[PDB]
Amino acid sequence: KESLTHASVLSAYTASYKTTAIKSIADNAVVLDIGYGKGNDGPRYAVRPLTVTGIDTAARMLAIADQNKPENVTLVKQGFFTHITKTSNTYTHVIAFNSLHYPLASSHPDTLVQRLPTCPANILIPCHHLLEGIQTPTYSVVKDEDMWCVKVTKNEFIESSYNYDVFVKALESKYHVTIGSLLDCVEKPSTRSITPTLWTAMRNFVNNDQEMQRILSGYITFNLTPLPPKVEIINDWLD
């Protein structure tokens, strides 16, 4: 133990994937961040040619996010389904980092996907069926009846189950999908507290810790590009 615990590596790798995704958003995009929360990705949006709408259901967290909100960011307090109905923005990129499993637990996965704007997207989602059993001093996922118990540091969150399989099958109806894991992250997070020496120390710990690789393998990433328009019947016409 020396600043190098399971929760520490997880947030750093999470920070790694957000750095790459936000950077890879096309220039001048109108972005929707579903679950903007307390504003961790503000500094990454602030240094970029992007118009961003951050939506959350928690006002207390959107209050922490306003205390240092970049001006290219607009904050709105409405969940995803209300906002998609009411908004006048046409979005060109969707971001959802550790957020979509909440709406997916109270909706049909095909309804969430068809309601998402038809635009490129990046999704980080925990797959609790790939995380159950992992018990480390700072990270633990355990089953509790129909609900999931997850402990980060000492935070004791309860999350509900969602249908990952149907979700992935619905994305395949709309998107070219490349699936991945946090374990596939190499790029150094933009977080300035993560020095080059510390990142190397984190990635070396991943190469030599089984528990860590399991935690990282259970945080599933989705790089989405919209399929061609239903006029894909022309290509099937080559059968």
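Numbers follow the displayed sequence, beginning with 1.
J.: Read off the CA B-factors in the entry, average them over 139-147 and over 163-171, and name the higher stretch.
T.: Comparing 139-147 with 163-171, the higher mean C-alpha B-factor belongs to 139-147.
J.: 64-72 versus 32-40: which one carries the higher mean Cα B factor per the record?
T.: Here the higher of the two C-alpha B-factor means belongs to 64-72.
J.: Among 118, 155, 107, 98, where is the Cα B factor highest in this entry?
T.: The C-alpha B-factor peaks, among 118, 155, 107, 98, at 155.
J.: Rank-wise, by C-alpha B-factor, drop residue 77 into the lowest, middle or highest third of its chain.
T.: Within its chain, residue 77 is a highest-third residue by C-alpha B-factor, going by the deposited values.
J.: How does residue 197 rank on Cα B-factor within its chain, lowest, middle or highest third?
T.: According to the entry, residue 197 has a C-alpha B-factor in the chain's middle third.
J.: Should residue 218 be placed in the lowest, middle or highest third of its chain by the C-alpha B factor in the entry?
T.: CA B-factor rank for residue 218: lowest third.
J.: For residue 47, return the chain-relative third of its C-alpha B-factor as stated in the PDB record: lowest, middle or highest.
T.: Within its chain, residue 47 is a middle-third residue by C-alpha B-factor, going by the deposited values.
J.: Can you work out whether the C-alpha temperature factor of residue 53 puts it in the lowest, middle or highest third of the chain?
T.: Lowest third.
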